[PDB]
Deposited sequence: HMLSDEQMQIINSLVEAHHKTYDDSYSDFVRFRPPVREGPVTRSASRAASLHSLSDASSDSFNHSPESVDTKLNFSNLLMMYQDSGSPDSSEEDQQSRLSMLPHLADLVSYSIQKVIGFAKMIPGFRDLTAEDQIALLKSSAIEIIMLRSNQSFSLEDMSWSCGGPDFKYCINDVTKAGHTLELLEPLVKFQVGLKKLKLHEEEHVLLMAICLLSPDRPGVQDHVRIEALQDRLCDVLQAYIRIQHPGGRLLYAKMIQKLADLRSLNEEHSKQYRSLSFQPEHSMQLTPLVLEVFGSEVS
């Protein structure tokens, strides 16, 4: 069998959205506070993440159905899922060869130790890299990569969400698209969909661990002052 028009244009507008919000040249990185190698890397990685939050909002605004949600639910989904979308999108720059994120040149090549200099520990970073390796080993299509991020964005089991029926519905329609894509357009993808859903579960525990270490970071004023207003707002505990 084959995909329907509606599933097709969902794929189209999603792939187009990722292209509009992800720069493979990483040319905007020179605009960040430069990297330094206590917590020397925090200003750069804070600028990097803040920039990424903005891009995630752009992507989300183009996910079919997201714009129709209430502003509250839009925020609640964005706040809870952000760091996971960041982790998901960051796979595009991750290299299996040197176990790092390569983003333009040697200044913007980020190894595990760089994130250590941002206030984070191996309790987050080793399952992080573990996650990145497994995800990269799936060799996802651009359609599958973009669907997965949209699946994750529209997860109904987030703190703060209200219309858990409408959000579960959008996510289910998105999941239908993915199942269908793998079956029809991905040879030897007999098991891929299951592996991808599992990757969402991994993100949840990655999210939790980051939220713990960030909460540590944000409670110390000498460190929280190195963050950005956007980062503080999105990862902050205000309702």
query	finding
Missing residue ranges, deposited sequence indexing starting at 1	38-97, 300
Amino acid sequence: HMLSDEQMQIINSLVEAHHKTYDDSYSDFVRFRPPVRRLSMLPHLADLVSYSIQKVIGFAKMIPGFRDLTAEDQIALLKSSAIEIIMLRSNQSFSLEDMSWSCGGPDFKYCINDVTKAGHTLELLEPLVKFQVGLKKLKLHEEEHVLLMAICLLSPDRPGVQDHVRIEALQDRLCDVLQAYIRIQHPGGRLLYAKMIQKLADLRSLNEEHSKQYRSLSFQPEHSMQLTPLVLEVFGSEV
From here on, numbers count along this sequence of modelled residues.
| property | result |
| --- | --- |
| Of 191-199 and 207-215, the one with larger mean CA B-factor | 191-199 |
| Average Cα temperature factor in the PDB entry - higher stretch of 120-128, 84-92 | 120-128 |
| Maximum C-alpha temperature factor, selected from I53, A60, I184, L45 | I184 |
| Third of the chain's Cα B-factor distribution that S155 belongs to, per the entry | middle |
| Within-chain third of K109 by Cα B-factor, per the entry | highest |
| Among modelled residues of the same chain, the CA temperature factor third for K79 | lowest |
| CA B-factor ranking of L174, expressed as a third of its chain | middle |
| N12, C-alpha B-factor rank within chain (lowest, middle or highest third) | middle |
